[PDB]
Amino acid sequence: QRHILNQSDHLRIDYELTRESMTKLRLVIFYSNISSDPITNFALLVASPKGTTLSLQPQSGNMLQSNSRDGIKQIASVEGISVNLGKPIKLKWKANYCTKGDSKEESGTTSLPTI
């Protein structure tokens, strides 16, 4: 169910990935603070994979308390020919947030598992 997009020392981004129809996936993304200090000003930025429309709904919040699991949730969907062809979909993403003392960035390109 929960696939890991990224795990740093301060933050775990993971997600559920479901197929709603023949042309549409649903991503429920969750952000977890695994540090003993609060995380503020969180934001995830995404690009749309090559054969795909990406619909990104707003995040539930932008703050994460110390040792908070799933403190922010964010819904997305993925649609288009690449979802239909059962091709591998690569998600380019970037996050910014502030912890105490630092302003941090994390970024990657992650392949999403099978339709």
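Position 1 is the first residue in the sequence shown; the rest follow in order.
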item: Which of 81 to 89 and 55 to 63 has higher mean CA B factor, as the PDB entry lists it; value: 81 to 89
item: For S32, the third of its chain into which the C-alpha B factor falls; value: lowest
item: Third assignment of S103 from its chain's C-alpha B-factors; value: middle
item: Within-chain third of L11 by Cα B-factor, per the entry; value: middle
item: Lowest, middle or highest third - CA B-factor, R19; value: highest
